[PDB]
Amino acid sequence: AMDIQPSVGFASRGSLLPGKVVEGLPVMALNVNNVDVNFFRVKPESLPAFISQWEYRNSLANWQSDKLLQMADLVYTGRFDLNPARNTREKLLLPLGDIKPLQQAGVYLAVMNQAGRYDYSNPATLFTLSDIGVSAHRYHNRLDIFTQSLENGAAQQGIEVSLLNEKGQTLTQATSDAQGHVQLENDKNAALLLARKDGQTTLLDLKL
């Protein structure tokens, strides 16, 4: 790979940890002056099936498919001007603050339209907009979970935490208490947590 090939892609293929619109969406650009991107919101009712499928398909760059996309709704399409320095790879942030649908909580997919002679490294990425922070650790025969507000870090009560296997099947569920705690059994097939409250949703990969 000694040739200077024009290339563009998301800096990463996706992360379940919530972020904010103000953070932007990072792209790696080398001698590319634009990126055409479709944004989708994953349908809440299909989220366990989507995230389960995103987990065993994210092994490669082009993890998007028509079957995966039917579990989401297109919310915005736009062309973003990029001006990286000649022959220098740059990390550029796509601004998200003026895309009205991203004012809403959700699990979003961003997919680049791969038209032209450009090389596409990571054409799809996943990002979550949510105020729910979920963290967990095994402790003997239990899985100890903490649910909080990401704005101020405070423990939050009443957050429904569902334990999912790698297939997206719900193994069990419980709601956080006054101290932001959920204690579940340690299941052989525990793979994901899905935490929900008042339209906010955050997932956690227990295998990471």
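Residue positions are given as counts along the sequence shown, with the first one as 1.
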Can you tell me which stretch has the higher mean Cα B-factor, 51-59 or 169-177?
51-59
Taking the recorded C-alpha temperature factors, which stretch has the higher mean, 27-35 or 64-72?
64-72
The largest CA temperature factor among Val134, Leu109, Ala105, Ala115 is found at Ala115
Relative to the other modelled residues in the chain, which third contains the C-alpha temperature factor of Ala1: lowest, middle or highest?
highest
State the tercile, meaning the lowest, middle or highest third, of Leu204 with respect to the CA B-factors recorded for its chain.
lowest
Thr128 CA temperature factor, ranked by third within the chain
lowest
If you rank the chain by CA B-factor, which third does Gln157 end up in: lowest, middle or highest?
lowest
Here the Cα B-factor of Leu193, set against its chain, lands in the third termed lowest
